[PDB]
Each structure stands twice: as C-alpha cells, then as structure tokens.
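After the structure tokens below, expect a handful of questions from me.
Each chain gets a letter, A, B, C, D, E and F, in the order it is written, and its residues are counted from 1.
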Amino acid sequence: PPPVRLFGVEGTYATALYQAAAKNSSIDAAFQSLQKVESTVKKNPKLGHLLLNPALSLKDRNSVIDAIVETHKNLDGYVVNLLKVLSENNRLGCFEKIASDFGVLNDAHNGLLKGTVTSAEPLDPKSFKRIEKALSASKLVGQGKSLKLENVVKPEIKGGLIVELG
Amino acid sequence: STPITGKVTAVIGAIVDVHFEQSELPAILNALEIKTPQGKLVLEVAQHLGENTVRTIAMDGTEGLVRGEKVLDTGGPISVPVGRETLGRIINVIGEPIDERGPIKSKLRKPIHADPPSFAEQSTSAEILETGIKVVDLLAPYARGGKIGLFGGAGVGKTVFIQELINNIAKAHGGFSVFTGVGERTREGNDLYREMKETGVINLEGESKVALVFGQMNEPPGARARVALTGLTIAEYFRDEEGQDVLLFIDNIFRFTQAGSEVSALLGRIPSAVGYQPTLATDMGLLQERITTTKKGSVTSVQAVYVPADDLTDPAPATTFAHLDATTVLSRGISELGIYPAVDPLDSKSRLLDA
Amino acid sequence: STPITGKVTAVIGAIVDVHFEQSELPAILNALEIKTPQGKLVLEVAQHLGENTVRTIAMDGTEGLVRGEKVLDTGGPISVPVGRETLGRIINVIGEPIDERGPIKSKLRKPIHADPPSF
Amino acid sequence: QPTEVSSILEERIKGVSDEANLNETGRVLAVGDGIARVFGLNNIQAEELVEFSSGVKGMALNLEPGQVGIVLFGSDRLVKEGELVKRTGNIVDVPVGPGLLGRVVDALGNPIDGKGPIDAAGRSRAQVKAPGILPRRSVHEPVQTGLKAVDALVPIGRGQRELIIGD
Amino acid sequence: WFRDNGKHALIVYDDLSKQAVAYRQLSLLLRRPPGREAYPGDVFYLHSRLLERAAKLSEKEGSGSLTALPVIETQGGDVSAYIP
Amino acid sequence: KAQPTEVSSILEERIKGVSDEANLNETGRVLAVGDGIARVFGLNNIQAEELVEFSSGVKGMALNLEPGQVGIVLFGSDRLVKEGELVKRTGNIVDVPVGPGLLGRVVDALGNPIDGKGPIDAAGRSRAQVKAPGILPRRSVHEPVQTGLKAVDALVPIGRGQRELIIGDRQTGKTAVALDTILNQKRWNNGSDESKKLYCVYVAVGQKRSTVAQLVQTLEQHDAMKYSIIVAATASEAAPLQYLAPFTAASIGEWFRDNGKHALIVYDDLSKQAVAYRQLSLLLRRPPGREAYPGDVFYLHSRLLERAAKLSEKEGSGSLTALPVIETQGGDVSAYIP
C-alpha cells in the first residue's frame, strides 16, 4: 500500500519501483542512485536529454542505458531493471523520477507549502500536520519574506464586488 | 546478400504487424513473405508505425499465426510472372499458377505497382478501334485505349459478348486480351475456363489469346484489390513491349471499389461518404490512368459496372463514370428477344461519336 | 511593468500554442503579440492547457511561424478605436484603419468582449 | 516546454521484471463483456483454443504485441482478473462423420439432444478453405425442393448457392 | 464430410444476419475499427469464406456436392442494406 | 568524468542524424510514414507550410508543428518516403515560379515543367497561398470579356474582374464553353493593345492525362497555346498536388493581374478539388462535416476565388477573371458544395 496515488500516466513506473523497494529493502539506496543518475544526465544536457528522443532505435536504447551504468555501477538494485524497461518502452526519464521523489518524500517528509490567504513557502519536515504549521509560519514570517505577496487579498475585493452588485 | 528479416508482432484480422530491425524496413507496397506449411503468405506493407514496425495487409488467409515467426522482404512490390507464357494459364494475385499445369516459364518478373505513362508519352489523338460487332462499332464505338463500361446483367449473354470481343480483337489487329476476374465466384470461373477451352480461345496444346487472372471472392480483402493491378501490369507489358492493342476485362469494378473501401476500414482510415474509403478517387485514378493508349501501343479496358440500389448518384458509380468514354448497356431481355447481341442501342452511348 | 514574454511551441493551422514562464500566464480572450515581418500578429487566448502553456487563436494568417518565437502580452482583450471619429473610417477586426485615410484619432478604446446589460 | 509526458497508455502495468515461461501460459489482465485480455501466451496461434482455470474455453482472435484478446465461449462470471490460463494447442475442430445423423449438436459438436455420446468418423477443422477452381464441375443434377414454384421457375442444383431473402 | 466422401448433402445456413450481428459484437468488443452501420470490415470476407465452401466436386474427387441455402432477413424490404 | 566523457563520445556515434549532426535543427528524421503524412523529428527552425525535401525527390509542406515533432504532408506518393530518412528544409514558403515565361507551357502544382519543352523561365516566385487584395485596391468591373457565345454575351454577361460559375452535370459542355472563351480571346490576343489582351490559365484537377493531352492538342490546332498556361493535377496524382494546384495557378494569374495586365483562369472541376481536400482532411483525423466534408471546404474555395478581381487605377488597373467549374450531381444546385 504505497502512501500516495500517482494515478498512472507514466507515473506508474515510479510506484512500481517504490513497491519493488518496499517489498524487500533499500528505499533509500535506489533513490539516491537515481538522483545521481539524474545529476549525470543533466551534467551533459546536449548529450543527456537529447539522447532521450524517440528517434532512437531499440538497440540504441540498450546502448545508451548500458552507457548510463558506469562510475562504479551506481545503478544499484532494480533501477537497472527500470532502465531496461524504459529501453523497450517510453524513453525520457525525468518526470517519473520526480514522481518517485514525491512518493518517497510523502513516505518520510510530509511537507506542504500552505498558508491559505498567505502566499508563503512553509515546507514542513514532519509527518504530523497538526500544529507544526504554526511554527513553520512563524519562522517564515519572522524572517525571509520570500514573496508573501497577495498583491490584493481576496475578501475585501470580492465583498466590495458583491455589495455593489446588491 | 543478407536477406531482410523480421518478427511478427501481431495479426489483427487480415492486418499483420511485423517488427523489423534497424535500417532494415522496406518501402510500403513492398511484398513480404513468411514460410507457412500451406504455402506462401505474402504481406503488402501499408504504413510505417515507427519503432521499426510496419503495418501490412495479408493477401491470403492468416490462420494459425504465432508472434515471432520469421519474415523475409522480397525487395519490391508483388511481382507477377509476365510474358507470352501467361497466355493459357490461370494465375493469381501473388503470381502463382493455380492452373496446376506446371510452373510459369516467364523470363521477366514485373512489379504490380508502377506509374502511368507521363504526359509526353500520352497519345494526343483520339483513336477508333474496330469491335467487329456492327451495332457496337456503329452506334457506340469503342475508344482505342478507352474505359468501356458494360452495363449488363444476368441471362443477357454478357460472357458471349466477351469471347466475341476477344476473338474479334485477336483477328483484327493483334489482340491478346487479359481477363481480370476481380472477385471471381469460382463457379462462374470454372464454367468460364471450360468455355475458354471449348471456344478455342484457350488452346492447351496450341497457343492461347487470353490470360485468366482472377482472385476468388473467398480471398482476404486486398487480394481482390490487387488482382486488377496484376492484370493491368500484364496488359501494360503486352502493350509496352509488343505494341499490340491489348484488351482488359474487369469482372466488376464495383467489387474493386468495395475491396478498396474494405481495406481502408481495416487500416483504421475514416470512411468518407457512404462507408467508402477516403481515397476512392485516388485509387480509381491510379487504376484507370495506367490503362491508356501510348505511342507504342494501346490498351482498352471493358469493365462491368454494378450500380448499388440502382442509384446513379452513388459515389463509386460516379467515380467510375469519371473514366468511361463509351458505355454498353446490354438489354435485359429487351433485345435478347430476337437480336442476339442485345445491346439496347438507344441506351448505350459513346463520347467519341463525333464527326 | 515588465513585458510578459513567452515562447511559441505549436502552430497548428490557425491554432497557436505558447509556453510561458513563472506566473506569467495571461488571461483568456486576452490579446498577445507576435512581431511578424509583415506587421502585428495578435494571439487571442482561447483555452488554458496547464504547465504554463496556453492555447490561442490567431487573428491573422500564421505564415512563417517558427516554434520558439518571442511573444508579447498586450495585457487585455483586443482593443479597438471607439467614437464619432470612426464614422467614415473603414476599420478591421483589430481596429487599424484599412481606408488609408490616415491614423485614427480615437479618444477612447474599449475591450471587444463585454457582458449583456442584465435586466 | 522542454519535454512532454512519456505515457498516455501502456499495456504493461506491473513492472516487477520476473515470471518467465509465459509462452504456453499467461495471466488475465482485464475481463468484461465476453472478452478477456491476457498477458503471455507467447506461442499462441491465431483463433487457437485456450483453456482457463475455471473450466471455460476461449478463442484467440486478437493477439496484440503485449497481450492477447481472448473471446469467451461462456459467461464472464467464471473468469477473474489474475487467473492462470493455458493454451490447448489445437484450432477449432468438430467431430465429423455419419453418426451425426438423427442427432442435434452444439456449435462445437457437443450433443444437446440428450441421446448419448456422439459417434464420429473424424475431426475436421471448423475453418477450412474452399475447393479450388479446377476440382469443381458444372452443376447439372437438380435439387427437388417439392415446391412447384421453386422447382419450375427458380431451379436448384446440387452444388448451388441460393438465398432465401425476405422480410 | 459428406461432400468429400462422395455423397450429396444439403445445408441450410438459415439466419446469417444474426451471425453478422454476432461478428459485429465480437469486433466492436475487441476495439476493431467499425464500418458501415458499425459492422466489422471483414464481414464480406467472412460470408464469402462461409458460402464458397459449398461446391459440386468433379468425378476424380468423388463427384460430391454441397448445396447452400442461406436465409437473410431484410428490414423493411431494404435489399440495399449492407449485409443483403 | 573521463569515463563518462568518453562513453558519451561513443554514444555520439551510431545515433548519427538524430541528435548528433546538425542538431536536427535544420534537418529531420522520419518517425513514421502514415496515410499521407510523415511524422518527422527535428527541424527546430522550421516554419509552417515550409517546403521540405525527403532526400528522395518528393516534396512536403508542414501542417502540424506540435512541440514534439512536425507533421508533414507528402507532395507525391508516400512509397518514396521511408521512416528514418533524413529530411532538410528548403527555407521558403511553398511558392511557384511566376512570370511571362510560362505561356505555351504546361506544368504541375509545383511549377515543374511536364511538357518536356525544357526549363521554365521565371520572373519571380510568389507564394502559393497569398493574401487576397483588401477592400481599398479593387474597382468595379467595366470592361467586358467576350466569350464568343451569344447566350453568354447577350445574356449573363461577364466582365473583367467577375467570378462567374459554370454549373452543370457530367456531360453538359462546361469544358466546351471554357474552351470557346479561350479561343475567342484570340481576336484581341494577336493585336497590340494590352488593355484588350487577355492571357489565359487552365487548371486540370483530377482530369485524365489523356483528356489533358487532347485539350493541349486542341489548343495547338487553333493556335491557342500562346497567352495560355495549363497546370495539371491528374486523377492519378496525390491528393496534396490536386489541393495545391489551384492556388499556384491563382498566383500565376495574380502575377499578370498585379503587373497591369488581364488574365483568364479556369478552375475546372473544383468539386474534385473539394474531394481531394476531404481525403486529405480525413487522412489527418479531422472531424467530418456535412457529407463528411470538413468545415473548411468553404474557406478553401473562398480564399481561392477571392484572389481574382479588377484592380483600381492606382495599382495599375489589372484584372483577374475566374471561371470555376462545378459538377452538380443529379442536376441540383441545392447541395452543400454547389
């Protein structure tokens, strides 16, 4: 039972990877290796993501995925299986990485940038979303003020509109 | 050289999907081949679906197929054995003799997909061709290289008209007609073959004057849409390499149009007007533009046309009407009571009947 | 203010898709702008597709549209000259005088899309 | 926009990378309305008979590259998503012979008249090609329907096809 | 069987419109591309395969025969319908 | 980084013209060959309806320019194009060679000579799809074009700048009246006064090549090959060629119209033009409309015909006269296309 629903659409690969990790072990090692892989592919973007084009044959895809696994075989666990299945299936490998990160962070982090009427950015490193938002908001208002820019807050403008409407 | 090989991935009805390797995909309309115990299943490539996969249409029954079976590319389109040896033999769409009188000893082998003669090579003069039949060559004369449409029926001597035309053209100039039984009923076909032998037009021991190519009605769709092209290739070879005034007989052009519409539905194309393929006009023009007169010789087609629901407005009859020149409406027992030809001269018209 | 700028991604017949940047999404039915060699090509926004991409309608021919061309947001719906000066002047879908009788000297400019006058 | 969504659909939904030897066996992916998509059956043939874990039979019309679409001879109640499926190895066939005389059978040769087992002289394929052009001859022997209207105006012959068209 | 064993047999296909309707159901439920009034493509091919099997065998093969009597029901007298 | 660098370098090989060379910015790769379309990956500086070569002699013009790849229609048979082929952009919008060096010659929808009389002399290359003149530049018709028919002269008169439609059934004589007009033009086309000189253009959409050859022979007999240009799109030609030919012929006529001369253009069988456009649209998965004709069938004929009108004196007082031919089927003028 994965914590979150990715609702498929190229996101089922991330859920499958997370379930394969959860069935035995290595929730973190596979994910950090995948982060390193994404760092490598963004290291040489003209050779990194241009090579994820669909005009690239199947054995070309096998060659590129074999080329990915270097530097002391950083691809550890079932991530090599993910590269293989992406070779004979949909190619570009960025979005499902983000989906998998979203899933693992829900497993461990549970941080959401709420604030309702306030446009703050209060990430919350805690699984209990009960009162820690108060401390997060207090810290983010006491210092920083990243945007906190409602431009104009909704209640007064909408109330004036409805009042003048009768 | 290294043969081009691939693996079958899916057979969906008559449609067969085959996956090839890198830099090995052929062009479309090319002929593919697999080894089945029954014989040769041949596949005509229709579309490239990407990922080194091609969508092909089967010319023969696709039963007992397994994904991962080996396939071989011929190199070009379906090539029919062509030559004077074809006269007297029963040949099919794939170019295999179904007459079981030995193999075809034709020296040349031409693809069925070719281009019509260019504008310069087209003859610039409307020419007349003697038919032998008095009423025909007087009131509705045939065009040398025309697209005559036989508007007959049943019990009107439609066949006997055909054999009389074949004999008359053989005697007159050089005629070696080619009969194309698109959608052959395989009973009328056997009777026609027996009549060929009896009438002497087909001479087993001697020389024949007509080659009988026809795909039976039980064949999968697409073969019925390619038998006409095979016969047209035969006629074009007999014209472009011998300079004769060849004839060509179509069993039913409406059946060819119905097969063409049928093929498009299987591929996935949206039927355009009345369950009809969007490429109706294109297919009709492609078929009817190669049947034309040139500087060397001429080929005249006599096609039998069926009118659905007796509706002259149906799209396929109109598309055929685009290419007719003259027409012959065999009287349904009107003139058959008496005059043997029974052509109904007040209904059969001709465009060339001008001073 | 800063000029809202984006990149053209898709040009489908008379339909143009434009990708924009952080919180730079324009409004529906709001005039955009393409600097064509012939003149000005406005891209009225029809629908929002998400991911900072909007589907737009071109008021002129989309000839010579290369993917990734610079786009400019007008900031509102198509504006046309309004007033008694327009009498005797032949104008177009955008409002430029096509009667070549000089520039239009309108005092007010009003949006094209309005609302019914209630009860 | 740098990139777009890779997948809008996918025949593969369980990427565990295990479970080989699904050439003669398979797994039911989805079922409903008398059809059942099945993953596996790498050596299945066209329109081949197939057997399910619940005892109901199937016929392999649609074999996509990923899954095979099996049409079902019984109710969809018996089958499930995730049942094991085995191929039979034979194409549609029926017991043929002279013992069929006087008996009523099903569309596959099962006696439905309740008179006992069917005696058969053979088992021919249901889908068999028609005789060619030469091995046939002209129809000369008449078929006497007993209707004077039919037998005089529209004669029927041994080896003819006649359509009874009407409302 | 009877035809190839030298005997003469009569076959009454009866309702073929219902058979075509069944094939329509099959093809539509298998996501095959529909056609005229949503009928499958290879229904003309289907009926051709079914009907051409009846024949009059020659003497060399046993002089067998199969006479086919298909029954097609038409709706409202429309003999111009696709299956008819 | 050395191992990653060298393995990326060997990755740069064997991919060839898909990311490595030209960056697929001025070049492309055929992803899949469809019905009459060719999905091509690459061509990052491509503009819409830009003419493209498929490295096989066949031409292409881009409709679909979605972010992933570009959808290209095929100006010819799709057998020539193959998936994985390299394509290159010509850098110009679809255009036809125009000028006074075309009279007496017959060409296709791309301006390539077919008569075999040699290359075509061109004074320019105007776009096939050009904007029609606005409201300002036009002027009311005043000069009569004489058809030579008493019925068309005394009754239903036709002037220079008017679009008169010839409607009739399959065999009624529409081609006959058009040819009578083009031959009657000979009286003033052999003089000196250019204001009465009327050059002619014939458009063959979906016609038989034999019929076109006979027509050319007929113009040969009456010495009408001069001051006349024939564009041919036979029924065996691909649908895009037929769809494009009328616009190119319109450009040819507009050359004379904007150069102060007067031109006659005959759009023979625009019904087959609509049929070809319908085929192209349904091969593009476009929603069918009334009789499955796509909704833009009106827009096609509109943009095509409105490019023929009399110009005012300030432009040069040129004129372009269009004579469309529509085959009504059943003798009814109440059908959608008619």
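Everything below uses one rule, namely that a contact is a pair of C-beta atoms (placed from the backbone, for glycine too) under 8 Å apart; a residue touches a chain by one contact, two chains touch by 3 or more.
Enquirer: Please find the two chains that have the most C-beta pairs touching each other.
Expert: Summing C-beta contacts for every pairing gives the maximum at B-F.
Enquirer: Starting from the mean Cα coordinates of subunit B and subunit D, work out the distance between those two points in Å.
Expert: That gives a centre separation of 33 Å.
Enquirer: Please work out the Cα centroid separation of subunit C and subunit D, and write it as a whole number of Å.
Expert: 61
Enquirer: I'd like the Å distance between the centres of subunit D and subunit F, where a centre is the mean of that chain's Cα atoms.
Expert: Each chain reduced to its C-alpha mean, subunit D and subunit F end up 52 Å apart.
Enquirer: By the touch rule stated above, which residues of subunit D touch at least two different other chains?
Expert: Each of 1, 62, 127, 130, 134, 136-139, 159 in subunit D touches at least two other chains.
Enquirer: Of all the residues in subunit C, which ones touch at least 2 other chains?
Expert: Residues 9 of subunit C each touch two or more of the other chains.
Enquirer: Going by the touch rule set out above, which residues of subunit A reach two or more other chains?
Expert: 54, 60
Enquirer: Hey, which chains are touching each other here?
Expert: In this structure, the chains touch in these pairs: A-B, A-D, A-F, B-D, B-E, B-F, C-D, C-F, D-E, D-F.
Enquirer: Using the touch definition from the top, list the residues of subunit B that touch subunit F in their complex.
Expert: It comes out as residues 23, 25, 27-29, 47-50, 52, 113, 115-120, 122-126, 145, 267, 269-270, 272-273, 278-279, 281-282, 284-286, 288-290, 292-293, 313, 318, 321-323, 351.
Enquirer: Hey, which residues of subunit E end up touching subunit D in the complex?
Expert: Interface residues on subunit E, with respect to subunit D: 1, 8, 10, 25-26, 29-30, 32, 49, 51-61, 63, 65-77, 79, 84.
Enquirer: Can you check the complex and tell me which residues of subunit D touch subunit F?
Expert: Per the touch definition, subunit D meets subunit F at residues 1, 4.
Enquirer: Along subunit A, where are the residues that touch subunit B in the complex?
Expert: Interface residues on subunit A, with respect to subunit B: 54, 57-60.
Enquirer: Along subunit B, where are the residues that touch subunit E in the complex?
Expert: For subunit B paired with subunit E, touching residues are 12-14, 186-187, 216-221, 258, 262, 265-268, 271, 274-275, 308-309.
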